[PDB]
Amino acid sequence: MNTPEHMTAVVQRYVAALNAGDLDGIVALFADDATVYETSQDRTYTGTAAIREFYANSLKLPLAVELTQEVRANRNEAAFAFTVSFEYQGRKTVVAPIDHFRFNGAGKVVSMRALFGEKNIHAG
């Protein structure tokens, strides 16, 4: 089962888990054979182990994450605008991505795509 209210809740849980460095909580949102794609290095992580390794690397620094607009959710997809704030290269940094989730019929994320460019990196 997969509704727009459920997909919105999942986006909220994802943001909350990033904020809490809750690695198990992040990975639990994904299907066993899900893909995560990140535009920065143009890499695709397929399946639980690769996804967990990606988020473990991504949590090495404490993250402050928040939605900056309403989630867009319909049928089997959700997209959202947000910020990730952290200390990097000795300065506070804010990255403003848009992510897209596709869900399977069971309400698990089967595909994730994260998109941000150089112009979406901001000093603190």
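All residue numbers refer to positions in the sequence shown, first residue = 1.
TODO: May I ask you to compare 88 to 96 and 59 to 67 by their mean CA B factor in the entry and name the higher one?
DONE: Per the PDB record, 88 to 96.
Original post:
For the listed residues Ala106, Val110, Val15, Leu115, which one has the largest C-alpha B-factor as given in the deposited model?
Top reply: Going by the entry's C-alpha B-factors, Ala106 comes out highest.
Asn2's Cα B-factor: lowest, middle or highest third of the chain? For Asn2, whose C-alpha B-factor we compare with every modelled residue in the chain, the answer is the highest third.
Is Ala50 in the lowest, middle or highest third of its chain when residues are ranked by C-alpha B-factor? Its C-alpha B-factor, which the entry lists for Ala50, ranks in the lowest third among residues of this chain.
Entry-reported Cα temperature factor of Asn76, expressed as the chain third it lands in: For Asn76, the deposited C-alpha B-factor lands in the highest third.
Chain-wide C-alpha B factor ranking for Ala28, given as lowest, middle or highest third:
Answer is highest: the recorded C-alpha B-factor places it there.
- Select lowest, middle or highest to describe the third in which the CA B-factor of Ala20 falls within its chain in this entry. As the PDB entry reports it, the C-alpha B-factor of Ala20 lands in the highest third of its chain.
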